[PDB]
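> experimental coordinates follow, after the sequence.
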Amino acid sequence: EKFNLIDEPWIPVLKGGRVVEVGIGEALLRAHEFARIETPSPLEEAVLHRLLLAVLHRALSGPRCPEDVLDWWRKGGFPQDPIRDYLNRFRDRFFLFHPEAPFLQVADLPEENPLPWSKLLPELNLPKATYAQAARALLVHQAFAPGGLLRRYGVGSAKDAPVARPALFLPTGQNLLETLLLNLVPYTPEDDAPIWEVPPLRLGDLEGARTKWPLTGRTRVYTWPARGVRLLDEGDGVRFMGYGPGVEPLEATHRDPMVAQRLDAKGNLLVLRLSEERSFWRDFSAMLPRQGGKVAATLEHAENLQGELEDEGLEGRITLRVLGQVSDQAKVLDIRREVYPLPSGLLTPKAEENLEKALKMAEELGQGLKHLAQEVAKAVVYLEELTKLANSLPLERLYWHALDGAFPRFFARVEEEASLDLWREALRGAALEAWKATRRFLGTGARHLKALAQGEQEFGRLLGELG
């Protein structure tokens, strides 16, 4: 019917320092001409990559082995004919509006009593979305929608979209081709199918949580129908939509290639999550095997490929992006993008031993500073005021904040054993700077002073440990 996502411009890409919008076809067939997918929403960036990856995996029936992807990097593009043959064949499943099979939507959701399209967006008068915006918001909702209250068509309480919670690891090259190659983890198509390879979903199938699937196909999970949606064409835009239950995810053993894991205190594997009291890079030693963690398959694929690129004289110009939501329950507190170098030989025991040391020191000094802040607040004065004064002190905040700036430079040089020492100095520098700010806080009013004397005692004590 209208607006084919393979053809029409809707994926924002950077071409020659300029943002332009392209379809899937151009984004895939001519990937080398774009530096990256360029969008303000890290959630959009994430799903736009996942969709393309889904399409490549199926059109190439692979990559079957690491070697395939290494071969295509050399040629400077991937097999082009099988992309076209695939896009031709499933073309009619890629219209945003369609009387039987609209993309990621439910055809027979009803027009009356619609919800606004703004409901697809994360919750941190109503404008008309362009078709391109409607398409992107749909994609983000289906990947990132948190579980909670639905109370529609017999379900009541909806489940998490598959990628609602975890931080997503996305290696990036210097153009889109390389970035896609760096995320094309070896794949086998058997017993996996993306949403457009399976018959369109209908309201009858979805009422009362009737359609349940194992949460276990890579491309099935990349394109999982987490909610029933039906965008309504206003003429030249979208404001309203039908809205209902999607497919219920049943528990299966499967980890999304972009998801990493770590042991918690009690010794259970959790997914690395973004959070605002804790810098993300503090989980980078925990996600490794030597501490019982699992590293994101994408990061693993890329580091190995970086090895095989170096040994052939090819580049190791690879950055890691982390995308995702910070959230509690049905609420989304924040959306973040974080950038890190992807250092050569990161999964070598020399670099991993250096990494464990560098975080252990940081957590060790940090908990010391945390306890210093605890004693100081007790000297200044129920747990009302003690925890109120706790955060009021800039000691821990400034300390971790300064290491945010310092961690990238350490992390790129992580294969050196001459790095551990520059790091040891960064810690001193960050502690000194944070303590100075706390001395500014304590020397301004005469009653904050019995805290300051004894605080300085323990601060000097702490600096003697590592140095």
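Thanks, I have the structure now. Numbers count the residues shown, from 1 in each chain.

> not counting its neighbours along the chain, what's nearest residue 170?
Of all residues not flanking residue 170 in the chain, residue 321 sits nearest, at 4.5 Å (Cβ to Cβ, 6 or more residues apart in numbering). Placement of C-beta: from N, CA and C, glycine included.

> is it true that the one you found lies in a helix?
No: assessed by DSSP: H, G, I helix; E, B strand; the rest coil, residue 321 does not belong to a helix; its assignment is strand.

> surely it touches residue 341?
No: using Cβ atoms under 8 Å, residue 321 makes no contact with residue 341, being 11.1 Å away.

> look at these two and report which has more neighbours.
Neighbour comparison, residue 321 and residue 341: the larger count goes to residue 321, with 20 against 17 (by other Cβ atoms under 10 Å).

> tell me how far residue 418 lies from residue 355.
Separation of residue 418 from residue 355 (Cβ to Cβ, to the nearest Å): 15 Å.

> and the helices in this structure, which stretches?
24-29, 42-59, 66-75, 81-90, 131-144, 176-181, 203-206, 218-222, 297-310, 349-380, 383-392, 395-412, 419-442, 449-466 (DSSP state H).

> any chance of CSV for these, columns mean neighbour count and distance to residue 288?
Shown next, in CSV, are the helices of the chain (neighbours: other Cβ atoms under 10 Å; distance: least, Cβ to Cβ, whole Å):
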stretch, mean neighbour count, distance to residue 288
helix 24-29, 20, 33
helix 42-59, 23, 23
helix 66-75, 16, 20
helix 81-90, 14, 36
helix 131-144, 23, 26
helix 176-181, 24, 24
helix 203-206, 16, 41
helix 218-222, 24, 23
helix 297-310, 20, 11
helix 349-380, 17, 6
helix 383-392, 12, 31
helix 395-412, 18, 13
helix 419-442, 17, 17
helix 449-466, 14, 22
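
> and of those, who's closest to residue 164?
Evaluated over those, closeness to residue 164 peaks at helix 131-144, with 5.3 Å, by Cβ to Cβ.

> please name every helix or strand in contact with the closest one.
strand 2-4, helix 42-59, strand 95-97, strand 227-233, strand 238-245 (3 or more Cβ pairs under 8 Å, 6 or more residues apart in numbering; DSSP states H and E).

> kindly export that helix (C-alpha atoms) in PDB.
Output of helix 131-144 as PDB, limited to C-alpha atoms (Å, rounded to 0.1, in the frame of the first residue of the first chain):
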ATOM      1  CA  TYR A 131       6.200   8.200   8.100                       C
ATOM      2  CA  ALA A 132      10.000   8.000   8.700                       C
ATOM      3  CA  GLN A 133       9.500   9.000  12.400                       C
ATOM      4  CA  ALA A 134       6.600   6.500  12.800                       C
ATOM      5  CA  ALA A 135       8.700   3.700  11.400                       C
ATOM      6  CA  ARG A 136      11.700   4.500  13.800                       C
ATOM      7  CA  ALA A 137       9.500   4.800  16.900                       C
ATOM      8  CA  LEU A 138       7.800   1.500  16.000                       C
ATOM      9  CA  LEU A 139      11.200  -0.200  15.800                       C
ATOM     10  CA  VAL A 140      12.400   1.200  19.100                       C
ATOM     11  CA  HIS A 141       9.100   0.300  21.000                       C
ATOM     12  CA  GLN A 142       9.300  -3.400  19.800                       C
ATOM     13  CA  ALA A 143      12.900  -3.800  21.100                       C
ATOM     14  CA  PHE A 144      12.800  -1.600  24.200                       C
END
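
> the chain should start at 380 in everything you say after this.
Happy to do that; since the first residue is 380 now, the last one works out to helix 510-523.

> tell me how far that helix lies from the chain's centre.
Centroid separation for helix 510-523 versus its chain: 16 Å, with Cα atoms, centre = their mean, to the nearest Å.

> number of residues surrounding the closest residue to residue 783 other than its chain neighbours?
Using Cβ to Cβ, 6+ apart and skipping the chain neighbours, the partner closest in space to residue 783 is residue 658 (5.6 Å). Residues lying near residue 658 (other Cβ under 10 Å) number 17.

> these two touch, right, residue 658 and residue 781?
No: Residue 658 lies out of contact with residue 781 (Cβ under 8 Å); the separation is 10.8 Å.

> picking up where we left off before, show me what contacts the residue nearest to residue 783?
By Cβ atoms under 8 Å, 6 or more residues apart in numbering, the contact set of residue 658 is 779, 782-783, 786.

> okay, these in TSV with distance to residue 637 next?
Formatted as TSV, these follow (distance: Cβ to Cβ, whole Å):
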residue	distance to residue 637
779	25
782	25
783	22
786	21
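
> ends of stretch 481-492, how far apart?
20 Å (Cα to Cα, to the nearest Å).

> enumerate the positions of that stretch that are buried.
Residues 481-488 are the ones in stretch 481-492 that count as buried (16 or more other Cβ atoms under 10 Å).

> a markdown table for those residues, including distance to residue 591?
Below are the buried residues of stretch 481-492 laid out as a markdown table (distance: Cβ to Cβ, whole Å):
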| residue | distance to residue 591 |
| --- | --- |
| 481 | 22 |
| 482 | 22 |
| 483 | 18 |
| 484 | 20 |
| 485 | 16 |
| 486 | 21 |
| 487 | 20 |
| 488 | 19 |
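
> residue contacts, residue 730?
Here residue 730 is in contact with 722, 724, 793-794 (criterion: Cβ under 8 Å, 6+ apart).

> now, those residues that are in strands?
Among the contacts of residue 730, no member is found in strands (DSSP state E).

> and those, which two are furthest apart?
The span of these, defined through Cβ to Cβ, is set by 724 and 793 at 8.4 Å.

> and the helices of the chain: which comes nearest residue 610?
For these, the distance to residue 610 is smallest for helix 510-523, at 5.3 Å, taking Cβ to Cβ.

> thought residue 481 was touching residue 581, still the case?
No: using Cβ under 8 Å, residue 581 makes no contact with residue 481, being 11.8 Å away.

> residues contacting the residue lying closest to residue 389 once chain neighbours are set aside?
Nearest residue to residue 389 in three dimensions, chain neighbours excluded: residue 511, at 3.8 Å (Cβ to Cβ, 6+ apart). Counting by Cβ under 8 Å, 6+ apart, residue 511 makes contact with 387-389, 400.

> kindly report the same for residue 642.
Residue 642 sits next to 648-649, 665, 670-672 when contact means Cβ under 8 Å, 6+ apart.

> so which of those is the closest to residue 570?
Closest to residue 570, out of all of the contacts of residue 642 and judged by Cβ to Cβ, is residue 648, at 24.2 Å.

> from residue 706, how far off is residue 655?
Shown here: residue 655 relative to residue 706, a distance of 10 Å by Cβ to Cβ.

> could you do residue 790 as well?
26 Å.

> same check, this time on residue 768
In terms of Cβ to Cβ, residue 768 sits 28 Å off from residue 706.

> what do you get for residue 844?
To residue 706, residue 844 is 37 Å away according to Cβ to Cβ.
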